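Asks: One structure is given below, represented as structure tokens, and several questions about it will come after.
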Amino acid sequence: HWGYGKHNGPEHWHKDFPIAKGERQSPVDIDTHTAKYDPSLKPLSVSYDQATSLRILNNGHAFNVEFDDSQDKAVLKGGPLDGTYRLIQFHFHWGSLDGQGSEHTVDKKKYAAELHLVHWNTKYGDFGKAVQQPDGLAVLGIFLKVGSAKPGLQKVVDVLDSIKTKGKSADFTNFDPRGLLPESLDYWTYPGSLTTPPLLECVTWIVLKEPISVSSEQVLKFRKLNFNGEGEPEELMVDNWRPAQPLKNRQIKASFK
Ligand SMILES: C=CCOc1ccc(S(N)(=O)=O)cc1
Ligand SMILES: C=CCOc1ccc(S(N)(=O)=O)cc1
Ligand SMILES: [Zn+2]
């Protein structure tokens with residue numbers, strides 16, 4: 001089973017998931033000087049007012065806050081996207097130290113963590129079909145830096161004690177993901193992939209320029225989670241990020257000048 005350890009981490013993934021060495025892998029370094037402003041890019045439309053969170057799950061790789069995606073309740077549209085993409089879950093990647101944890105980097109800078117809000121293109125009917133399409137998913141990525149607390153994150157932080165180990169889930173209703181966004185929706189965008197196996201090349205990445213700030217105490221609580229299941233040897237869930245992959249034949253576009 002793949003993971004983030006010395007013996008099953010990102011350098012090993014290609015042996016079971018050969019697309020790991022593909023033409024549009026994620027994450028990437030965002031070279032801010034080389035990214036080109038695209039004045040034809042529309043503003044993002046984030047419509048989360050009717051979002052229905054259901055549950056939070058430790059899946060052994062991260063924790064997912066899951067949403068009801070059986071109707072257009074929380075959707076992403078506009079920007080580089082054609083059509084409507086429904087929010088299915090969000091999760092984070094984070095480090096063992098404040099100086100690493102993000103998957104995307106900005107001029108080689110690593111942030112302490114990165115939030116991924118995962119959406120699937122409604123024209124494909126469900127998430128499983130969507131991941132088989134080159135325009136199946138839109139993932140909104142948001143960097144986290146350590147400073148002031150993010151009040152809208154605290155409800156997530158406080159439930160983590162109940163899902164410490166792999167396979168644990170807890171009810172998690174009425175959570176409003178709007179509380180996780182920064183003020184600005186300026187973004188970079190490029191075609192890429194899932195950043196974990198199966199590494200499918202199905203994602204339009206939309207990475208916000210403005211990080212959110214979270215407190216040291218908030219990120220410390222992420223680091224108390226476990227990769228392992230209950231009753232197994234404890235391995236802290238930290239450094240669950242894939243490093244930047246070759247950009248290859250891609251251009252990163254900026255929504256802003
Ligand atoms: C649960 C936290 C909610 O966070 C926000 C934060 C801002 C808004 S808005 N765009 O209406 O001013 C709505 C919800
Ligand atoms: C197809 C099952 C796995 O689903 C996902 C969904 C999203 C991601 S990521 N880190 O690229 O946002 C990784 C794996
Ligand atoms: Zn992710």
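Scheme for the structure tokens: letters A, B, ... for chains in order shown; per-chain residue numbers from 1; ligand numbers from 1 in order shown.
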Each residue of segment 81-190 of chain A lying at most 6 Å from segment 62-71 of chain A should get a row with its shortest atom-to-atom pair and the distance in Å to one decimal, counting only C-alpha atoms; could you produce that, ordered by chain and increasing number, as CSV?

Replies:
```
residue,atom,partner,partner_atom,distance
A:88,CA,A:67,CA,5.2
A:89,CA,A:66,CA,4.3
A:90,CA,A:65,CA,5.4
A:91,CA,A:64,CA,4.7
```

Asks: For the selection just defined, write its residues with C-alpha atoms to a file, as a CSV table (one decimal), in the first residue's frame.

Replies:
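Writing done, so here's result.csv:
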```csv
chain,number,residue,atom,x,y,z
A,88,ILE,CA,-17.6,16.5,-2.8
A,89,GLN,CA,-15.0,16.9,-0.1
A,90,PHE,CA,-12.1,18.9,1.2
A,91,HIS,CA,-8.9,17.8,2.9
```

Asks: How would you report the residues lying within 8 Å of ligand 1, as a ChimeraX atom specification, if you count only C-alpha atoms and all ligand atoms?

Replies: /A:49,151-152,175-181

Asks: Could you write out that same residue set with N, CA and C atoms as a PDB file, in the first residue's frame?

Replies:
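Produced file again.pdb, reproduced below:
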```pdb
ATOM      1  N   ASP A  49     -23.183  28.571  -0.378  1.00  0.00           N
ATOM      2  CA  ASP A  49     -24.236  28.939   0.577  1.00  0.00           C
ATOM      3  C   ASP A  49     -25.113  27.762   1.031  1.00  0.00           C
ATOM      4  N   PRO A 151     -10.565  31.303  12.379  1.00  0.00           N
ATOM      5  CA  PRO A 151     -11.691  30.895  13.236  1.00  0.00           C
ATOM      6  C   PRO A 151     -12.565  29.832  12.582  1.00  0.00           C
ATOM      7  N   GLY A 152     -12.735  29.917  11.269  1.00  0.00           N
ATOM      8  CA  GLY A 152     -13.574  28.971  10.552  1.00  0.00           C
ATOM      9  C   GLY A 152     -13.014  27.568  10.447  1.00  0.00           C
ATOM     10  N   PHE A 175     -21.118  22.259   8.696  1.00  0.00           N
ATOM     11  CA  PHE A 175     -19.872  22.991   8.562  1.00  0.00           C
ATOM     12  C   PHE A 175     -19.876  23.822   7.288  1.00  0.00           C
ATOM     13  N   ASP A 176     -19.506  25.090   7.418  1.00  0.00           N
ATOM     14  CA  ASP A 176     -19.547  26.038   6.308  1.00  0.00           C
ATOM     15  C   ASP A 176     -18.148  26.264   5.739  1.00  0.00           C
ATOM     16  N   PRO A 177     -17.858  25.687   4.568  1.00  0.00           N
ATOM     17  CA  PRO A 177     -16.496  25.808   4.036  1.00  0.00           C
ATOM     18  C   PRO A 177     -16.135  27.227   3.591  1.00  0.00           C
ATOM     19  N   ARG A 178     -17.112  28.124   3.530  1.00  0.00           N
ATOM     20  CA  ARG A 178     -16.797  29.512   3.210  1.00  0.00           C
ATOM     21  C   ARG A 178     -15.846  30.109   4.234  1.00  0.00           C
ATOM     22  N   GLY A 179     -15.851  29.567   5.451  1.00  0.00           N
ATOM     23  CA  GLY A 179     -14.976  30.068   6.495  1.00  0.00           C
ATOM     24  C   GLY A 179     -13.512  29.694   6.322  1.00  0.00           C
ATOM     25  N   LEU A 180     -13.195  28.934   5.274  1.00  0.00           N
ATOM     26  CA  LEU A 180     -11.821  28.518   5.008  1.00  0.00           C
ATOM     27  C   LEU A 180     -11.160  29.322   3.896  1.00  0.00           C
ATOM     28  N   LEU A 181     -11.909  30.215   3.265  1.00  0.00           N
ATOM     29  CA  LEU A 181     -11.381  30.962   2.129  1.00  0.00           C
ATOM     30  C   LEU A 181     -10.652  32.221   2.577  1.00  0.00           C
TER      31      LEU A 181
END
```

Asks: Can you check which residues of segment 11-238 of chain A DSSP gives as helix (DSSP H, G or I) on the backbone and send them as a PyMOL selection string?

Replies: chain A and resi 13-15+18-21+122-124+127-130+151-163+177-180+216-222

Asks: So the first atom is atom CA of residue 104 of chain A and the second is atom CA of residue 166 of chain A; what is the distance between them in Å, to one decimal place?

Replies: 25.1 Å

Asks: Nearest to ligand 3 among A:119, A:108, A:7, A:1, with distances taken over only C-alpha atoms and all ligand atoms: which residue is it?

Replies: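 Comparing A:119, A:108, A:7, A:1 against ligand 3, the winner is A:119.
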
Asks: Could you list, as number ranges by chain, all the residues within 6 Å of ligand 2, counting only C-alpha atoms and all ligand atoms?

Replies: A: 116, 118, 139, 194-196

Asks: Would you mind listing what lies within 6 Å of segment 223-238 of chain A as a PyMOL selection string, with only C-alpha atoms counted and same-chain residues fewer than 5 positions away left out?

Replies: chain A and resi 60+95-96+164-166

Asks: Write out, as a compact mmCIF listing (two decimals), in the first residue's frame, the residues just selected, with N, CA, C and O atoms.

Replies:
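Final file, part-v7.txt:
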```txt
# COMPACT_ATOMS: atom_id res chain seq x y z
N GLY A 60 -6.40 7.38 6.36
CA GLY A 60 -5.04 6.87 6.43
C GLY A 60 -4.02 7.68 5.66
O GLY A 60 -2.82 7.41 5.76
N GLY A 95 2.80 19.49 6.93
CA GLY A 95 4.14 19.06 7.25
C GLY A 95 4.34 18.66 8.69
O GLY A 95 3.46 18.80 9.54
N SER A 96 5.54 18.17 8.96
CA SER A 96 5.96 17.94 10.33
C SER A 96 6.53 19.21 10.98
O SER A 96 6.72 19.26 12.20
N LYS A 164 -8.75 9.92 15.19
CA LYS A 164 -7.30 9.92 15.28
C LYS A 164 -6.66 8.94 14.30
O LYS A 164 -5.59 9.21 13.76
N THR A 165 -7.30 7.80 14.11
CA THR A 165 -6.70 6.70 13.38
C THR A 165 -7.45 6.35 12.10
O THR A 165 -8.64 6.67 11.93
N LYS A 166 -6.73 5.70 11.19
CA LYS A 166 -7.24 5.30 9.89
C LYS A 166 -8.53 4.53 10.01
O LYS A 166 -8.63 3.58 10.79
```

Asks: For a quick check of understanding, using only C-alpha atoms and all ligand atoms, which of A:205, A:172, A:37, A:111 has the smallest distance to ligand 3?

Replies: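 Answer, going by the shortest atom-to-atom distance: A:205.
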
Asks: Of the residues A:185, A:46, A:212, A:202, which is the one nearest to residue 112 of chain A, using only C-alpha atoms?

Replies: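 For residue 112 of chain A, the nearest of the given residues is A:212.
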
Asks: Check segment 85-229 of chain A with DSSP on the backbone and list each residue it calls strand (DSSP E or B), as a VMD selection string.

Replies: chain A and resid 85 to 94 105 to 106 109 113 to 121 137 to 146 169 to 171 187 to 192 203 to 208 212 to 214 226
